[PDB]
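Please treat every number below as a calculation from the coordinates, not as lab data. Because the Cβ atoms are built from the backbone with ideal geometry, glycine has one as well, and the counts that use them run over all protein chains shown.
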Amino acid sequence: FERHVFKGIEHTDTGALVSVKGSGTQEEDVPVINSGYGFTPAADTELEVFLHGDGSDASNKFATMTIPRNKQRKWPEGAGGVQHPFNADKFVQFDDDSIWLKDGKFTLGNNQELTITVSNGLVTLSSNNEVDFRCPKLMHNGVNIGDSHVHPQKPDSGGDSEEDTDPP
Amino acid sequence: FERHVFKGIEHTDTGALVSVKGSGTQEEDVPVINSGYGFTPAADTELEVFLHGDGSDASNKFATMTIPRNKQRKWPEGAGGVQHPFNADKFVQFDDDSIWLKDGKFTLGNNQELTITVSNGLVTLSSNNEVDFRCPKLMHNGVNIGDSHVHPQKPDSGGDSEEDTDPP
Amino acid sequence: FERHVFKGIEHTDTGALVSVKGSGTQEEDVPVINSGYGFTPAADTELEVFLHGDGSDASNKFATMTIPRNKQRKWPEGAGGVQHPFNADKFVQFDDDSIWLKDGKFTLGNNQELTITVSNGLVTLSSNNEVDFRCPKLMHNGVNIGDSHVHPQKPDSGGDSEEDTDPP
């Protein structure tokens, strides 16, 4: 085991290769053993890479990368989760209940077709196409605003009485 | 340290056991040391398992599993996050801002009671029960559509004048 | 390599320090090498810490923490993802499609300004400010409820005919 810093990163079709230094070993190091999290630093980013050596056969060394120490989130007691590699204030946190996604902007879809923005308390749900609610009841503050809502009407200028409107 | 492939996986009430090969060691290997990410491959899935040996006491060996090399996401520079173990195109990415959830379908709740679907630009929010917005203002394109919205009315066929409708 | 339990955790400005026991080594151990996931247990929480030793220089040892074995999620075949450190039933799962967030409550924003609650099938989207949909069409069950929806009207008490209402 040996800690080395980080220079570059070559991405081949069998996985990621690092290029760690500490001793310019491997212009292309065997891996990054991905246990489901990954990231791409800019070249020469100040982070540590730990090499685990097969047998003691220097020959092959597998790498574990750490996110930069000064970018690590100080998780509260009882909580945990996943963060942005370079930003301790962007994360998905599991707490006592809040599956909490901390950012100002969230995108969903294969091409980011739904955008949720949260800025100065305004919540905006943006799409370039139709947004359709599929439920038996769609409400605002416990009032029906769905495909069955109606408006009461006042009497006209003649003094004739209106029914409620039909639905949308 | 030693790399071994992956055969099966027995899940007991103290954690996960692998069944790595490379040398048919352990029909049930001590663990999978879960640093918060986990997954279940089908038996004989082509992936590596790294054993870390206690003392040098072969006796006990702890395992780290990698997601398959050809399924690892090529993270863009500055970004990172978590992925599906067998699909590089399904993930939660932290970028410059986009807490980006890449899929066509997202489910929320203990029994998936809210489904968000994103398909061909259509966004659908589906529930088998009530969906209720709890806010001071509910808007579409900056027009009120909440529990206080009203419609202007035109004059009737008599030529009498209508007020705006009452709220929903 | 050596497994040790977990006592405390000191968080400095270069990263996390553990305080593992098994042999009261390090009232403050070099690290927690964060590969993007982190968590904070209460002191003396029953979990394992694995030390990886630099050179063989006991001097410096880097730590990997595991989530407690009895709190590890039993991931279904083909699936994986990230979990709450102390709750196997709170997670973000990647499955065949469901980017599935399992909890009763989800918060979005820098100060949790949007809350999505899922309880007894009721879905509630709560904000202390405006929620605004920015799309060409906002629908419920395929009926327009957006900034262009109108209501049909019935004849009045005079028997005069109404037009559809104007938009909101």
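One line per residue, one yes/no per condition, for (1) out of contact with any helix residue (DSSP H, G or I) (no Cβ under 8 Å at 6 or more places or on another chain); (2) under 12 Å from A:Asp97 (Cβ atoms); (3) assigned to a loop (DSSP other than H, G, I, E, B); (4) within 7 Å of chain B (Cβ to nearest Cβ):
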residue: C:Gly81; (1), (2), (3), (4): yes, no, no, yes
residue: C:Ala88; (1), (2), (3), (4): no, no, no, no
residue: C:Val92; (1), (2), (3), (4): yes, no, no, yes
residue: C:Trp100; (1), (2), (3), (4): yes, no, no, yes
residue: C:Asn111; (1), (2), (3), (4): yes, no, yes, no
residue: C:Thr115; (1), (2), (3), (4): yes, yes, no, no
residue: C:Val118; (1), (2), (3), (4): yes, yes, no, yes
residue: C:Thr124; (1), (2), (3), (4): yes, no, no, yes
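Beta carbons closer than 8 Å, at least 6 apart along the sequence or on distinct chains, pair a first residue in the stretch C:1-18 that is within 11 Å of another protein chain (Cβ to nearest Cβ) and more than 12 Å from C:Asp29 (Cα to Cα) with a second that is in a strand (DSSP E or B) and of a type in the set (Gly, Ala, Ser) for C:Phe1/B:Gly53; C:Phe1/C:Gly53; C:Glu2/C:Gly53.
Hey, among the residues in the stretch A:7-54 that are of a type in the set (A, V, I, L, M) and in a loop (DSSP other than H, G, I, E, B), which one's surrounded by the most Cβ atoms within 10 Å (Cβ to Cβ)? Write out each step before concluding.
Here is the first cut: in the stretch A:7-54, the ones of a type in the set (A, V, I, L, M) are A:9, A:16-18, A:20, A:30, A:32-33, A:42-43, A:47, A:49, A:51.
So of that shortlist, the ones also in a loop (DSSP other than H, G, I, E, B) come out as A:20, A:30, A:32-33, A:42-43, A:47.
Values: A:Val20: 27, A:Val30: 20, A:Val32: 23, A:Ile33: 23, A:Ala42: 11, A:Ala43: 10, A:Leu47: 20.
Going through the qualifying residues, I end up with A:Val20.
All conditions in (1) facing chain B (nearest Cβ under 7 Å); (2) not in a loop (DSSP other than H, G, I, E, B) hold for C:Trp75, with the sole exception of (2). Cβ-Cβ contacts under 9 Å between residues 6 or more apart (or on different chains), taken from a first residue in the stretch B:143-168 that is facing chain C (nearest Cβ under 8 Å) to a second residue that is of a type in the set (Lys, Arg) and buried (at least 16 other Cβ atoms within 10 Å of the Cβ), are listed as B:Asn144/B:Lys137. Which one is surrounded by the most Cβ atoms within 10 Å (Cβ to Cβ), of the residues in the stretch B:131-168 that are of a type in the set (A, V, I, L, M, F, W, C) and touching a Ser or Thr at 6+ places or on another chain (Cβ under 7 Å)? Per the stated criteria, the residue is B:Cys135. Across the stretch C:75-97, which residue is farthest from C:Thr45 (Cα to Cα) among those that are in contact with a strand residue (DSSP E or B) (Cβ under 8 Å, 6 or more places away or on another chain) and surrounded by fewer than 19 Cβ atoms within 10 Å (Cβ to Cβ)? Across the stretch C:75-97, the extreme among qualifying residues is C:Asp97.
The selection criterion, being in contact with a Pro (Cβ under 9 Å, 6 or more places away or on another chain), free of Cβ contacts under 8 Å to residues at least 12 places away in the same chain, within 21 Å of C:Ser35 (Cα to Cα) and at the interface with another protein chain (Cβ under 7 Å from one of its Cβ atoms), does not hold for A:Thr40. Annotation for the stretch A:51-66: no member residue is farther than 30 Å from B:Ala58 by Cα and more than 11 Å from chain B (Cβ to nearest Cβ). Here A:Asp57 meets the list (1) closer than 30 Å to C:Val32 by Cβ; (2) under 31 Å from the mean Cα position of the chain (by Cα); (3) part of a loop (DSSP other than H, G, I, E, B) almost entirely, failing just condition (2).
Every condition in (1) touching a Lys or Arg at 6+ places or on another chain (Cβ under 7 Å); (2) at the interface with chain B (Cβ under 9 Å from one of its Cβ atoms); (3) acidic (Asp, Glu) is met by C:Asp29 except one, and the failing one is (2).
Of the residues examined, C:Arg69 is one that is basic (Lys, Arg), out of contact with any helix residue (DSSP H, G or I) (no Cβ under 9 Å at 6 or more places or on another chain) and surrounded by fewer than 19 Cβ atoms within 10 Å (Cβ to Cβ).
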